[PDB]
Amino acid sequence: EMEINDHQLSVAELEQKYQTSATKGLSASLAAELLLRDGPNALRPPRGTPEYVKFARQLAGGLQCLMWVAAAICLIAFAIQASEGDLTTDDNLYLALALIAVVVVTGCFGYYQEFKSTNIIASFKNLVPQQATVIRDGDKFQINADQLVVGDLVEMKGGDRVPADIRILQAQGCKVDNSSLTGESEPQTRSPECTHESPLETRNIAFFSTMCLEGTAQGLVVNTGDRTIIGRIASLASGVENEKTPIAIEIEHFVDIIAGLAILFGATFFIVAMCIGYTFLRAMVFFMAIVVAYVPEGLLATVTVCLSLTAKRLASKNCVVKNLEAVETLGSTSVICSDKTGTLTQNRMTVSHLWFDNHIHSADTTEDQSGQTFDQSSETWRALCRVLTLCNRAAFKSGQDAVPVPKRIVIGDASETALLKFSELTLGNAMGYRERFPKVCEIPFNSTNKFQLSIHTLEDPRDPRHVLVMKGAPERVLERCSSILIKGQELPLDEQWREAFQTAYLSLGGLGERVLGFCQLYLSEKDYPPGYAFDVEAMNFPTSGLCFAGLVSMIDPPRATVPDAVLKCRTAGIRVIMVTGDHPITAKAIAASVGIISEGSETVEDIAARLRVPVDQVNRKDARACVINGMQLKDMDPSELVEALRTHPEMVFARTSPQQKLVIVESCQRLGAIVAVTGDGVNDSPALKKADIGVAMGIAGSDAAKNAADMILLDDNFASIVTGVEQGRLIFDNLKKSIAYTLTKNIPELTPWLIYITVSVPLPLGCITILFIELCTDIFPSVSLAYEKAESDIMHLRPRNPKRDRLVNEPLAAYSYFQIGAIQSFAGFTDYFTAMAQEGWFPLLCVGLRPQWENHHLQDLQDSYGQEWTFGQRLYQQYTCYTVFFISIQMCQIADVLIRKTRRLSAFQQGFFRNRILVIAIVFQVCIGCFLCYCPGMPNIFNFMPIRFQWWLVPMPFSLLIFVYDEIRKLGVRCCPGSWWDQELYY
Amino acid sequence: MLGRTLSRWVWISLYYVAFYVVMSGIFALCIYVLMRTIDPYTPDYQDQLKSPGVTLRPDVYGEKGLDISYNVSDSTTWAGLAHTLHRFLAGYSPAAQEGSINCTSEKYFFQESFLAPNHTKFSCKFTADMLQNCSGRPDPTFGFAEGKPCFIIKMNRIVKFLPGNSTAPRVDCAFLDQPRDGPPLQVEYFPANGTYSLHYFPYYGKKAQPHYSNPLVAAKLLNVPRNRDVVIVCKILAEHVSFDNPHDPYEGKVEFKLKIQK
Ligand SMILES: CCCCCCCC/C=C\CCCCCCCC(=O)OC[C@H](COP(=O)(O)OCC[N+](C)(C)C)OC(=O)CCCCCCC/C=C/CCCCCCCC
Ligand SMILES: CC(C)CCC[C@@H](C)[C@H]1CC[C@H]2[C@@H]3CC=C4C[C@@H](O)CC[C@]4(C)[C@H]3CC[C@]12C
Ligand SMILES: *[C@@H]1O[C@H](CO)[C@@H](O)[C@H](O)[C@H]1NC(C)=O
Ligand SMILES: *[C@@H]1O[C@H](CO)[C@@H](O)[C@H](O)[C@H]1NC(C)=O
Ligand SMILES: *[C@@H]1O[C@H](CO)[C@@H](O)[C@H](O)[C@H]1NC(C)=O
Ligand SMILES: *[C@@H]1O[C@H](CO)[C@@H](O)[C@H](O)[C@H]1NC(C)=O
Ligand SMILES: *[C@@H]1O[C@H](CO)[C@@H](O)[C@H](O)[C@H]1NC(C)=O
Ligand code: ALF
Ligand SMILES: [K+]
Ligand SMILES: [K+]
Ligand SMILES: [K+]
Ligand SMILES: [Mg+2]
């Protein structure tokens, strides 16, 4: 039913099938019944998951669930302790509130991370027309398109969209453009003749939401609503699984790693606390504290902020992303499936090659006129330019003087527009030149002539001679021609000249070009006076014995930056596949021109032609290039499709439907590859939705393509693709560095709790201090690492392996946690013991002191000097220990942010101060720490004490040790690139 | 062979062991240097010991704070408090004060040289009999049997802390909420007026004075109503002792709830 076979059926068979008539139409009652049974002729929008449901989903995950459990434990402990009258434990309630706030803020950041600002349904809704002329039991009337049913009479008034899938019954010069189906704006003739077996290629089928450019036609409704071709395209675009981006996958991977390690640590130390003697309440509080200390509370927010900064930097280069996760996926992309028309080409016919003086010239086709021109110093060239300027019917819109010539708005056909633009570019003023040469006679390209000819008058008033100019198909011109202009001389045509012309025509047409022949004949005033009545219907024009001027060919040329961008992408290890709805010859020519097919590469057909052998005997492995059209693609199984993809590294797909583009993209994705799709069309929208990264053009892109894509090229540069690949690789490396910096500090805040539990020293670090470290002091230094430059030439590297290469891997985690956090913990404990000993508590006395230290019924505890202490004084000393450990972590994190700038290069080589953002972040961190330490009231509000400068200075040697150790490790990695050192201590 | 082969595991484990041994050695060296820098007699800083804390005996504790309750008609509610006072004063018995010497200067006992045995400083002798009636020798109930309990009040010792020598530091006990119609608390002090002699200060440390004993003041509560929830605050009246600290209720003063049933 949905598949159209009605183009293959006769009119009577169609009438019997649809219970309708070609002339009368339906009856009102039966039309109403069919409308009731089928539904309206409208695209049904599939509603997606709501925003509140998505945001609630953002409040779940490993880290979110861990923080929720910790907050629940805090609330339970507070509630139990409140029942016993121990009201001095408001810290548990405050910590639970802080954890809830952290969860909510992280959920908000995650929602911002994946937010989409595109509504693809509206774009398809605007494509649907609202008027449809219908004939129901006679009495032709006009209604809305939604009230159309399968089998119904409709009139095709020119300038209106087709209101349904319609099989043409009668047509009178009707012409449409199937741009929403093919990506091509070329007008298509519609006639009641089945010219092809496929409904997408036949001439007797019109398609829903397609413009009728000119003419009138009548037809019978075949499909309505979602059963139409455009309805299926819209359903396919809307109904695609929202598969996770690579950055989302990596984030989930390291979140699972962190959650598993947190569960392990908390569980084993809960068991240890229970075993060595502790209440279940105390042990669960210990589990909460361990989870809070280990889990990075601001990691996801920092990742989102880094993505936002990269997005801002990308938007500074005319490249906007619909969601933040798109800023990375263009890096690590291994395959680019690219549209041709409007994406690689300019979507505008341009004069490319000329054949005059027995030589083929190449005209500059760049939109900025920056390419190399051809020779324009021949009398034959001047004659040919005069012919092509005079044989112009295209009109120019006034007021376009400042508009660049390629961007001008021209009223005329595509070929006429191209010829007039070429005349404007080469010759001074085409309209002026045509004005100085009035046309006494003119024969339009109406019909039955197959050429355009006009008779003009010489510009010079002293010459009453007339010049006749002719333009048409090359062979038609050749049979009319009798001589050829060579080097400004008229030479009679002979066998050699005819053979040369035929060879040039064949070679020029083999490059997917639209060749047109031009010729001229100088008339005489004796034959026709200047005031002669050149009646068009009088046949008075002789149109014989003309002189050939030359050949002009036109193509939709590539954009100026496209070849270099493709070359750079292929240098970066990315495979570029060309998928287009255009004809195979033009597709192969454009692929060769833009670099998708490299010089020297040959297809199986090319090899067969060169070796004068049938294609079946040619080995497929010899051909580096291959072109597959839609027929072969639909006949091909998935196994043969993947076999062809693996066999031919240079692949071009031509004359493909949107479904076939989707099939190619999914086939590439099923091979474990990150696939990028660049398109600017409604036919491109499903592939754009399916691709991991979908890129659309700004100006040339349609609304459906822009809504389906998650990256828009505002200026249509197509070098922004190279920019995005570079920036994605950069952000991957910088995210590695930032996550390492964030992770390294979780160990120096977890070790104090384990030591406190096991050896019963007074508590060295508090949960509030841990939260301050996580959320206030170190967020900016970690975010500032996103401005790091590339250490090497990342554009000469191959794309990363999605399975092998992870954002956070075992070397990174092991180094960051153990090697660095161990030094940070040693610094913190050295400072802790120093601060304790300066106040009278020696380390040996500190060992096992916790039960007496935290005893409220013990107000005269003696220190190492015999001085007796109250509980409040001991608590203030404990807050001093908190602040000392905090400052040690701060200094070690300054050293860490210094060493995280490079993964392989030296800090001296990359420059200490080249990252002004990093320097400002370090200064801000130090200032915030100083404010926290020395603001009045901090001891009672946040338990921060004014510490002495010696406790600022103690962790500095440890920070220096961190810097020196990382420098030595990187030096060894550089010096020995394939040793055990490089294998094991590189991340 | 998980992740890496067995030999690679050996090498990486050996590297981590060497790394952690080096780091532990660095930490031990830092601790050793710190302990060599530490002064064995005087602490480097006393930032948390600006004012001494005050405790008392007996120290039965409620959940909210110090709370003492007993019944004069029931001897079971008295034995614990009497035993606590006895075991506390056992350390102040004269057999335990042998290492100390008799002091009569009534002024700061400044010592700049180690003239006592063990190369130590001299410490002054405080015997339990200096608490006369509340010493427990003539009355073993410590006043709890007649409804006039004795409370021993001592201030925490701080090295080189001087409470002020214009007059000896004094203990003053009074009701926290002064009753309008009720008479004020009447307390008899042992020693007379409840003063700590100035020759017990300065405290020089555990190494310098291994036999140092905190001077004691016994507060005999005379005028206490029965079957009432009274609250008594005892503070130290010294020039350099401050009791105005909201965060530390035990600094320079001690507050307890008393309830004498009948
Ligand atoms: C998975 C791998 C884990 C590896 C962990 C490291 C294990 C080894 C680390 C430490 C072990 C003990 C090292 C002790 C070094 C002491 C050096 C020393 O000779 O000093 C002498 C002092 C005694 O002096 P005194 O009393 O005579 O002085 C009196 C003052 N005067 C002299 C002025 C009169 O001896 C002392 O203090 C002894 C007490 C020292 C304090 C130890 C308290 C335990 C705390 C441990 C926390 C460590 C956390 C590590 C975090 C690693 C993260 C991965
Ligand atoms: C070091 C002394 C004090 C204790 C020795 C304990 C041993 C058995 C422990 C402590 C440190 C541990 C290592 C710490 C880090 C790593 C890197 C990781 O990617 C694989 C496991 C590995 C290699 C661990 C293996 C087991 C290990 C060597
Ligand atoms: C004190 O003890 C007596 C018994 O010796 C008892 O009767 C009395 O109720 C107790 N005091 C109070 C008021 O609880
Ligand atoms: C310390 O001095 C005391 C004084 O009584 C003496 O009993 C003891 O033996 C001495 N100990 C040492 C080790 O000198
Ligand atoms: C304490 O004992 C002495 C000597 O027996 C006596 O004089 C004094 O009055 C007693 N004080 C009180 C109030 O019991
Ligand atoms: C108190 O001690 C100071 C020295 O700190 C001394 O000068 C002064 O005379 C002393 N006053 C009294 C009353 O003993
Ligand atoms: C302190 O006690 C003595 C008796 O030793 C007495 O003479 C003096 O007046 C008392 N001081 C005060 C302030 O009552
Ligand atoms: F513009 Al196309 F296939 F070439 F959509
Ligand atoms: K943490
Ligand atoms: K997509
Ligand atoms: K996708
Ligand atoms: Mg296109």
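Whatever order the structure lists ligands and atoms in, that order sets their numbers, starting from 1. So you know, we letter chains A, B, ... as the sequences are listed, proteins then strands, and number each from 1. Computation of the quantities below employed the complete heavy-atom set of this structure, encompassing side-chain atoms and omitting hydrogens, waters and symmetry-equivalent molecules.
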Enquirer: So is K121(B) actually on top of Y204(B)'s ring, under 6.0 Å and inside 45° of the axis?
Expert: yes
Enquirer: Between the protein and ligand 2, are there any N or O atom pairs that come within less than 3.5 Å of each other, and if so, what are their names and distances?
Expert:
unit_1, atom_1, unit_2, atom_2, d
ligand 2, 19 (O), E810(A), OE2, 2.6

Enquirer: Could you tell me the separation between the SG atom of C103(B) and the NE2 atom of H199(B), rounded to the nearest 0.5 Å?
Expert: 5.0 Å
Enquirer: Quick one: does any side-chain atom of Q261(B) pair with a main-chain N or O of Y70(B) as donor and acceptor, under 3.5 Å?
Expert: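 Pair absent, no side-chain N/O of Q261(B) close to backbone of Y70(B).
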Enquirer: Decide whether a cation-pi geometry holds between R969(A) and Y815(A); the criteria are a distance under 6.0 Å from NZ or CZ to the six-membered ring centre and an angle within 45° of the ring axis.
Expert: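 That pair qualifies as a cation-pi contact.
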Enquirer: Note down each nitrogen or oxygen pair, ligand 3 side and protein side, whose separation is under 3.5 Å; give only atom names and the distance to 0.1 Å.
Expert:
unit_1, atom_1, unit_2, atom_2, d
ligand 3, 2 (O), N71(B), ND2, 2.3
ligand 3, 5 (O), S73(B), O, 2.9
ligand 3, 11 (N), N71(B), OD1, 3.4
ligand 3, 11 (N), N71(B), ND2, 2.9

Enquirer: Do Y294(A) and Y817(A) get their side chains close enough for a donor-acceptor pair, meaning under 3.5 Å?
Expert: yes
Enquirer: Please assess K745(A) against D778(A) for the test salt bridge (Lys or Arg N to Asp or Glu O under 4.0 Å), listing each intermediate value before the final yes or no.
Expert: CA-CA 9 Å; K745(A) 62 173 162 47; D778(A) 283 310; 5.2 Å; no
Enquirer: Is the side chain of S888(A) donor-acceptor paired with the backbone N or O of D831(A) at a distance under 3.5 Å, no angle test?
Expert: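 Not at all, since once roles are kept as given, no pair shorter than 3.5 Å links the two residues.
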Enquirer: If you measure every N or O of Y108(B) against every N or O of ligand 6, does any of those distances drop under 3.5 Å?
Expert: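 By distance alone, the answer is no.
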Enquirer: For the pair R226(B) (side chain) and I260(B) (backbone), establish whether a donor and an acceptor sit closer than 3.5 Å, ignoring hydrogens and angles.
Expert: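 Between the backbone of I260(B) and the side chain of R226(B) there is no qualifying donor-acceptor contact (under 3.5 Å).
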Enquirer: Parallel, tilted or perpendicular for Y212(B) and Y203(B), by the 30°/60° rule?
Expert: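 Tilted: the ring planes of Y212(B) and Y203(B) meet at 30° to 60°.
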Enquirer: Could you check whether any side-chain N or O of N193(B) sits under 3.5 Å from a backbone N or O of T195(B), counting only pairs where one atom can act as donor and the other as acceptor?
Expert: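 Between the backbone of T195(B) and the side chain of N193(B) there is no qualifying donor-acceptor contact (under 3.5 Å).
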